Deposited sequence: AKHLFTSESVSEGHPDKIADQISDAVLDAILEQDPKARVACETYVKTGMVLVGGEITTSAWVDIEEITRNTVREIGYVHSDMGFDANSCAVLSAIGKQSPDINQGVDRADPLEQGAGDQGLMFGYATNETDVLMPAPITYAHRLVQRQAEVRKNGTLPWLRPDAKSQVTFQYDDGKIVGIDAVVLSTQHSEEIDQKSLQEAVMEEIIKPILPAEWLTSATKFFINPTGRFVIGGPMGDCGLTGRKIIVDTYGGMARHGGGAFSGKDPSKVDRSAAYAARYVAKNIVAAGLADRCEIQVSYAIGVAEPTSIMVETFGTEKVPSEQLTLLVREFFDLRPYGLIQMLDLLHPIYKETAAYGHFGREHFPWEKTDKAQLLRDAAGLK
């Protein structure tokens, strides 16, 4: 019935997200020269320094120092007084390089085991959960307005957290909203508070959802002048939830950034979002979670399961049927189905991996074809 759920998001320039973006920015850069490169690049960011370390198996030659500094500069950490300067921080690499030396490629077995969970739900335009959609849209507004000179006393680092009240299955409205933005010395908190309200919160959160009763908490501790990796620590794979579905859906361990698409931890997860978005887009269910798992060197998935949580329009038996017809969940099948061997990966690393319609895993192309085999309707 009535009950509430929460999801947080952070911006580009929160320290773990800096790490994600740099990892994915090396990955993109390597993919650009060598689309079949196998890469796993993990990054750690602390007040002075960025350490980017990984194994890469490629022919590409890339400049990790340069890639690091340019990513840190778009985010905007450009002066010691913000916390971190892209132009003078230390960059260290410990990247170990290797150079590359079944009859049907598609049958090649999964490298590493694991479980990936994908979800979709009709509660938004983008078939995503409303919480995490709004949480991202907030932090995203924050960067936009920061970067576009509107509220140029903002600094990079920022968190949002929306909490939504649902009477059963229907988003009723927004109980609380939290928003905290790093900002300059020369603005004080009450003046900040109407700017964040007017220019960030008011244009994103939908007004009939928003009420007398909505508890807003903009910079609740006040001040927050120095952020980013000053006094804190970013490392890749730490904002796993924000990255996916804000905790609306489950998650098996795994991080995405710095992982080239052969890594099932990333590409099975993308593929799984893709089957669930297609299932719901065709009205086979209202909301659908899928778990695929893999075992090392088997190529067919060791498990599939769907939970259309009471929301079917065709029984789950038949659904599990069609999941295997329309979708090649084999490790090399996913790459194929979704055309993954491209430098599309950096834009993924902030603002969430799913729910953005221009990613190959978000396209609803198998929609009707899936309805058909499920009994055209």
query = In sequence order, what intervals of the deposited sequence carry no C-alpha positions?
reply = 102-107
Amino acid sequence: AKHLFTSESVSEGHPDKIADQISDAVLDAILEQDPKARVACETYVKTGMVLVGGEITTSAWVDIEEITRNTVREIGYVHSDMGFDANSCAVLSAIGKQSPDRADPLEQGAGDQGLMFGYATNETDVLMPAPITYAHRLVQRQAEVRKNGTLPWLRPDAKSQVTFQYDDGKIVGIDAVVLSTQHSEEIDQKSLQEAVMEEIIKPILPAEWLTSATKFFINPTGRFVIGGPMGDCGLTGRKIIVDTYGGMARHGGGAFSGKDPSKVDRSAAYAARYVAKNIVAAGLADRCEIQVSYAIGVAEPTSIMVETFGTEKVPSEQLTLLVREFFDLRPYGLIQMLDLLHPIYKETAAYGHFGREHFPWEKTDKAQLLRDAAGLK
From here on, numbers count along this sequence of modelled residues.
request  = Using only the Cα atoms and their B-factors as the entry lists them, report which of 174-182 and 143-151 averages higher.
outcome  = 143-151
key: 212-220 or 105-113, whichever carries the higher mean Cα B-factor   = 212-220
query = Among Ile95, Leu138, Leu192, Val78, which carries the highest Cα B-factor?
reply = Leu192
note = Per the deposited B-factor column, the C-alpha that peaks among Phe327, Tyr332, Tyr345, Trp61 belongs to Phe327
request  = Using the B-factor values recorded in the entry, state whether the Cα atom of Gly283 falls in the lowest, middle or highest third among the modelled residues of its chain.
outcome  = highest
query = Going by what the PDB entry lists, where does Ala207 fall on CA B-factor within its chain: lowest, middle or highest third?
reply = highest
note = Chain-relative C-alpha B factor for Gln165 (record values, thirds): the highest
ask   = Of the three thirds of its chain by CA temperature factor, lowest, middle or highest, which one includes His14?
value = lowest
query = Against its chain's modelled residues, does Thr311's Cα B factor rank lowest, middle or highest third?
reply = highest
